[PDB]
Amino acid sequence: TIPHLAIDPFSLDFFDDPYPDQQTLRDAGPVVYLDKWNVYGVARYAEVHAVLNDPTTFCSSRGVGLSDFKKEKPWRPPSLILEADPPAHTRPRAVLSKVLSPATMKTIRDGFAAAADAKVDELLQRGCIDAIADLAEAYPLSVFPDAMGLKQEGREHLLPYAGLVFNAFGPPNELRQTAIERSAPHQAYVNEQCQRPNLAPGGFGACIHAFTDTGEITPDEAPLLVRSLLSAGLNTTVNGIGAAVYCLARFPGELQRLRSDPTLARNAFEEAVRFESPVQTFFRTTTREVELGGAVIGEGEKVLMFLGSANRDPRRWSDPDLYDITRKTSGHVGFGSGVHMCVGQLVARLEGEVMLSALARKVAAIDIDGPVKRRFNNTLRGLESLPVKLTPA
Ligand code: HEM
Ligand SMILES: COc1ccc(C(=O)O)cc1
Ligand SMILES: [Cl-]
């Protein structure tokens with residue numbers, strides 16, 4: 001019925017090259033059992049999409065990591081949005097949607113673009129750079145904390161904290177254990193910046209606190225919602241932009257197409273999100289007994305969704321393992337799908353678009369120039385170091 005596999009999707013070997021194991025997971029059946037961690041897994045697009053779009057059956061309030069909040073204490077107070085189900089999810093979600101609205105994008109777009117162009121100009125003066133530290137990390141650090149309204153002091157905690165959050169979604173392996181044992185100072189920093197007086201006027205955080213009188217959220221909910229943005233809003237974009245740059249360096253043909261038409265920048269970013277899937281996995285917990293892909297799952301079972309695999313499922317995509325910047329990407333699940341689909345995706349896409357636009361206009365070649373170094377995280381896929389040589393247009 002359901003096949004049992006011994007594959008550990010949280011092992012370093014798996015992280016180093018997940019694609020053959022993801023095929024094995026897909027081809028074993030629509031629903032698999034992972035004996036290593038005692039969870040169900042779905043690795044094909046169809047079942048992942050299905051699970052994403054029925055939150056009643058496959059809930060989030062019992063945690064979207066391995067841990068079941070009904071059995072264990074969460075390592076930090078539950079997110080009011082990610083780890084909430086409707087209807088408790090609905091109004092905080094509505095608040096964050098307005099804080100990160102089309103109108104908000106319109107106010108910051110010029111500034112986000114200028115900073116991207118400035119970044120690429122600065123890098124071109126150096127020629128040989130690390131596309132991670134100097135670009136993928138540097139550019140979001142140059143725009144997102146300011147957009148949040150964070151003070152300057154203590155920003156060095158942001159990436160450590162977010163790494164910790166995504167490691168903590170995983171099983172209790174070494175990556176997770178080590179993360180939590182180092183957490184205290186990053187946690188203390190982030191929690192403190194979530195308080196209203198610590199967030200600059202007009203910024204994302206201040207706007208969340210400004211939203212505490214409409215009947216949607218109360219003032220005591222606002223700090224945790226600022227926490228959500230400080231959890232998900234930086235490192236994801238770093239890995240997104242890094243993915244895109246990695247793709248353009250590996251596929252020079254696509255760089256040349258992008259150069260010839262920079263209006264393809266937004267879709268080039270979208271395709272990179274599909275192709276590399278920064279957020280690889282999330283869990284759901286069953287709230288009742290349910291039929292899924294000919295399998296019957298009992299109540300209170302963890303279900304692991306392979307978003308990255310779903311994005312490379314040949315049942316859904318033609319040539320899924322090719323990077324194609326004119327692909328019809330609509331429908332990929334790199335930002336999820338359904339009621340929890342990434343609420344900050346407009347920010348992510350804005351950052352990616354203007355960075356790729358800047359590269360499209362300013363850079364003639366991106367050539368890998370040193371050993372590439374992958375970074376391991378229980379949930380995030382991305383590189384630690386990507387030495388490249390940039391050649392100006
Ligand atoms: C390339 C960049 C990003 C990727 C790949 C990504 C990925 C995701 C995914 C897959 C989900 C679905 C979670 C689920 O179904 O349980 C999600 C939700 C979420 N993301 Fe993003 N994200 C990105 C950028 C951002 C940014 C820039 C922000 C904030 C500024 C953000 C904040 C959030 C929040 C608050 C949620 C919870 C939504 C909800 O539960 O309703 N993310 N993200
Ligand atoms: C996409 O990953 C995350 C991480 C944290 C949160 C949150 O803290 O609410 C939401 C999404
Ligand atoms: Cl925390």
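First listed ligand is number 1; within each ligand, the first listed atom is number 1. In this chain, numbering begins with 1 at the start of the sequence shown. Below, each value reflects all heavy atoms present in this structure, side chains not excepted, and no hydrogens, waters or symmetry copies.
The distance from ligand 2 to the heavy atoms of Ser231 drops below 4.0 Å at these ligand atoms: 5 (C), 8 (O). Near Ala348, the atoms of ligand 1 lying under 4.0 angstrom from a non-hydrogen atom of the residue are 2 (C), 24 (C). Residue contact check: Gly233 has heavy atoms under 4.0 Å from atoms 26 (C), 27 (C), 28 (C), 29 (C), 30 (C) of ligand 1. When each atom of ligand 2 is checked for a heavy atom of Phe282 under 4.0 Å away, the hits are 1 (C), 2 (O). Atom numbering of ligand 1 starts at 1 in the shown order; those under 4.0 Å from a heavy atom of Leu82 are 13 (C), 14 (C), 16 (O), 40 (O). Close approach of ligand 1 to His89 is summarised as follows: ligand atoms under 4.0 Å from at least one heavy atom of the residue are 39 (C), 40 (O), 41 (O).
Looking at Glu254, its side chain never comes within 3.5 Å of a backbone N or O of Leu248 through a donor-acceptor pair. Without hydrogens or angle criteria, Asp319 side chain to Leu322 main chain gives no donor-acceptor distance under 3.5 Å.
Residue, atom and distance of the protein heavy atom nearest to atom 32 (C) of ligand 1 are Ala232 CB, 3.4 Å. Remark: minimum distance from atom 3 (C) of ligand 2 to any protein heavy atom is reached at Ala232 CB, 3.5 Å. Shortest contact from atom 6 (C) of ligand 1 to any protein heavy atom: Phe335 CD2, 3.7 Å. Of the protein's heavy atoms, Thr236 OG1, 3.2 Å lies nearest to atom 24 (C) of ligand 1. Distance from atom 36 (C) of ligand 1 to its nearest protein heavy atom, with residue and atom name: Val343 CG1, 4.1 Å. Scanning all protein heavy atoms for the shortest distance to atom 43 (N) of ligand 1 gives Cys342 CB, 3.3 Å. Of all protein heavy atoms, the one lying nearest to atom 6 (C) of ligand 2 is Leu82 CD2, 3.6 Å. The protein heavy-atom contact nearest to atom 5 (C) of ligand 1 is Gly334 O, 3.4 Å.
Salt bridge absent: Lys302 and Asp68 never bring a charged side-chain N and a carboxylate O closer than 4.0 Å. Checked for salt-bridge contact, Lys328 and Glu271 miss the test: no charged N lies under 4.0 Å from a carboxylate O.
Residue contacts with ligand 2 for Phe335 are absent, since no atom lies close enough (heavy atoms, distance under 4.0 Å). When heavy-atom distances to ligand 2 are checked against a 4.0 Å cut-off, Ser79 comes that close only through its side chain, counted from C-beta outward. With a 4.0 Å heavy-atom cut-off, ligand 2 is reached by the side chain of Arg76 but not by its N, CA, C or O. Contacts of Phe282 with ligand 1, taken as heavy-atom pairs under 4.0 Å, involve the side chain alone. No part of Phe204 comes within 4.0 Å of ligand 1, judged by heavy-atom distances.
Using a 4.0 Å cutoff on heavy atoms, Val339 counts as a contact of ligand 1. Note on ligand 2: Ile81 sits in its first shell, one or more heavy atoms being nearer than 4.0 Å.
Under the 6.0 Å distance and 45° angle rule, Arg250 counts as a cation-pi partner of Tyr246. Taking the centre and axis of the six-membered ring of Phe58, the NZ or CZ atom of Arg284 falls outside the cone set by 45° and 6.0 Å. Under a cutoff of 6.0 Å and an axis angle of 45°, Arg312 and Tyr19 form a cation-pi pair.
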Trace of the ring-ring contact (aromatic ring centres under 6.0 Å, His included) decision for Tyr161 with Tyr189: CA-CA 9 Å; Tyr161 183 75; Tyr189 162 79; 8.6 Å; no

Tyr45 vs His49, ring-ring contact (aromatic ring centres under 6.0 Å, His included): CA-CA, chis, key distance, verdict: CA-CA 6 Å; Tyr45 181 91; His49 185 268; 5.7 Å; yes

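Under a cut-off of 6.0 angstrom, the local environment of CZ in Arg76 is crowded, with over 12 non-hydrogen atoms contributed by other residues, nucleotides or ligands.
Between the side chains of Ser79 and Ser228, a donor-acceptor pair is found at a separation under 3.5 Å.
Using bins of under 30°, 30° to 60° and over 60° for the plane-to-plane angle, the ring pair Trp37/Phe10 lands in the perpendicular bin.
Backbone and side-chain nitrogen or oxygen atoms of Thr237 are examined, and none is located within less than 3.5 angstrom of a nitrogen or oxygen of ligand 1.
At a threshold of 4.5 Å between side-chain heavy atoms, the hydrophobic network of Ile, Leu, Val, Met, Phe, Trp and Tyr places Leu80 and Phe69 in two separate groups. Transitive grouping of hydrophobic side chains (ILVMFWY, heavy atoms separated by less than 4.5 Å) keeps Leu66 and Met305 in distinct clusters.
The option from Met341, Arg284, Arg93, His340 that lies nearest to atom 16 (O) of ligand 1, judged by heavy atoms, is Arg284.
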